């Protein structure tokens, strides 16, 4: 299982190093049961693009940063891009993309509180 990471250059991947500074996220309520996922280190929001890539942006007006967190028992949740209907996936190789099949083995996350309001997004594997 890997921690979701938004790098300073805007790329998104996974990592097992919990000491990385780019895995801490601020989840800000948006209404509609929708939220934003903001990497506090760089001020970048998690974004799923319609083509399936995942990256970071500071553009708060961007429509692809809105997410729905959907609980799936056992502590796990899914993270769905509202605008494209894609679920966040962290692949075994460490790459991060979007998929529209809810049956995928790598789209389930466990949210881990850091103690300061910020949370880690860790893939269950």
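Residue numbers (the authors' numbering): 20 to 76, 76A, 77 to 103, 107 to 119, 123, 123A, 124 to 140, 211 to 218. Heads up, the beta-carbon is just placed ideally off N, CA and C, and yes, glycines get one too.
- Here residue 115 is near residue 33, since their CB atoms are less than 8 angstroms apart.
- By the criterion of a C-beta distance shorter than 6 angstroms, residue 118 is surrounded in its chain by 71, 73, 110, once the five residues flanking it on both sides are discounted.
- Taking C-beta separations shorter than 8 angstroms and ignoring five residues to either side along the sequence, the partners of residue 57 in its chain run 44, 45, 46, 47, 63, 64, 65, following chain order.
- Closest in alpha carbon position to residue 100, among 128, 131, 60, 54, is 54.
- Counting only the Cα atoms, residue 85 lies some 14 angstroms from residue 130.
- Put simply, the backbone Cα of residue 39 is about 10 angstroms away from that of residue 60.
- Checking the DSSP bridge columns, you'll see residue 24 partnered with 32.
- For residue 42, the three-state secondary structure derived from DSSP is coil.
- With fewer than 16 other beta carbons inside 10 angstroms of its own, residue 76A counts as exposed.
- Setting aside the 5 residues that flank it on each side, residue 52 is surrounded in the same chain by 86, 87, each with a C-beta closer than 8 angstroms to its C-beta; the list follows chain order.
- Cβ-Cβ distances below 6 angstroms link residue 213 to 22, 42, 135 in the same chain, with the five nearest sequence neighbours on each side left out; the list follows chain order.
- Counting along the chain, residue 69 sits inside no beta strand (DSSP E), nor does DSSP assign it H or E at all.
- Shortest Cα-Cα distance from residue 82 to any of 124, 113, 107 involves 107.
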